[PDB]
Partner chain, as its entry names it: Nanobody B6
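Before any questions on binding or motion, here is one chain by itself as structure tokens, the form deposited without the partner chain.
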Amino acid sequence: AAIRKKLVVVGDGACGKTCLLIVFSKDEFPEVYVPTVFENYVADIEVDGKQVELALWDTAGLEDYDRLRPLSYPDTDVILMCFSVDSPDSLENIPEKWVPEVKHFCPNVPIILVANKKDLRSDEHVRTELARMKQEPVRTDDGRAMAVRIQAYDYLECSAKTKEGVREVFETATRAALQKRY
């Protein structure tokens, strides 16, 4: 008799949402990038002595699918709002697009702000490319500051590619889902 909770992930195209969900749920890292249209995966986790049957709702980051995405939002217990550290613009798009959308359709649902691809923070090619545009990989303090700005439940960083931090994202999201207030 496990408790069911619904998790929805949102954020810019190619920022790492599917790989995060599939590494967590299957311990596989998909090797070919296919933009998502709509999926709903199953997973299980135990948090604070509670066994949870998680539904993981994967959404399209591409704005081509903006009209379909809200079909995923009803009755959500926790949102993962993702950006990637190699893409400062993916962080800018958090307040520009993702926060207004989720506030419209998911009022009062806890949000975990998640920095994906943390393995790229030190990558020399990423650094070189961003420096040409007078940018840098997203710093932890800037991610945390965005989390405070947008009133997120928490801020966490991970790499689906190495698995660093992945378990903690889902433990914290599950705890947020369990404490959701009405």
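Positions refer to the first chain, counted from 1. Rigid core here is just the name for the largest C-alpha set that superposes within 1.5 Å across the two forms. Only residues modelled in both forms are compared.
Novice: Which wins on mean Cα temperature factor, 23-31 or 54-62?
Specialist: If you average the C-alpha B-factors of 23-31 and of 54-62, the larger mean comes out for 23-31.
Novice: Per the entry, where is the mean C-alpha temperature factor higher: 72-80 or 105-113?
Specialist: Averaging CA B-factors over each stretch, the winner is 105-113.
Novice: Choose from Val37, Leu156, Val47, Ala147 the residue with the greatest Cα B-factor as stated in the PDB record.
Specialist: Answer for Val37, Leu156, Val47, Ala147: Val47, with the highest C-alpha B-factor.
Novice: For the CA B factor values reported in this entry, which option in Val138, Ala131, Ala152, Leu120 has the top one?
Specialist: The listed residue with the largest C-alpha B-factor is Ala131.
Novice: Quick check on the deposited entry: does the C-alpha B-factor of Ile3 sit in the lowest, middle or highest third of its chain?
Specialist: Answer is highest: the recorded C-alpha B-factor places it there.
Here the subject shifts to the form solved in complex with the partner chain, a form of this protein not shown in this document.
Novice: Even though the partner chain is not shown here, does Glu129 get within 4.5 Å of it in the deposited bound form, heavy atoms only?
Specialist: Contact check for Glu129: yes, within 4.5 Å of the partner chain in the deposited bound form.
Novice: Looking in the deposited bound form, any heavy atom of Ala14 within 4.5 Å of the partner chain?
Specialist: Because a heavy atom of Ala14 falls inside 4.5 Å of the partner chain in the deposited bound form, the answer is yes.
Novice: Is there a heavy atom of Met133 lying 4.5 Å or less from a heavy atom of the partner chain in the deposited bound form?
Specialist: Contact check for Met133: yes, within 4.5 Å of the partner chain in the deposited bound form.
Novice: Is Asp86 close to the partner chain in the deposited bound form, meaning a heavy atom pair under 4.5 Å apart or at it?
Specialist: Taking the distances in the deposited bound form, the answer for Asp86 is yes, it comes within 4.5 Å of the partner chain.
Novice: Identify which of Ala43, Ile150, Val47, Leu62 has a heavy atom within 4.5 Å of the partner chain in the deposited bound form; exactly one of them does.
Specialist: Of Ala43, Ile150, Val47, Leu62, the residue with a heavy atom within 4.5 Å of the partner chain in the deposited bound form is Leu62.
Novice: Heavy atoms within 4.5 Å of the partner chain in the deposited bound form: which of the stretches 142-150, 121-129, 66-74, 48-56 has them?
Specialist: Correct option: 121-129.
Novice: Please find the residue from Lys26, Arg132, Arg67, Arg149 showing a Cα shift of 2 angstroms or more between the shown form and the other one, rigid core superposed.
Specialist: Of all the options, the C-alpha that shifts by at least 2 Å belongs to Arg132.
Novice: Pull up the moving segments between the shown form and the other one: at least three consecutive residues, every CA shifted by 2 Å or more, rigid core held fixed.
Specialist: In sequence order there is one run that relocates between the shown form and the other one, which is 128-135.
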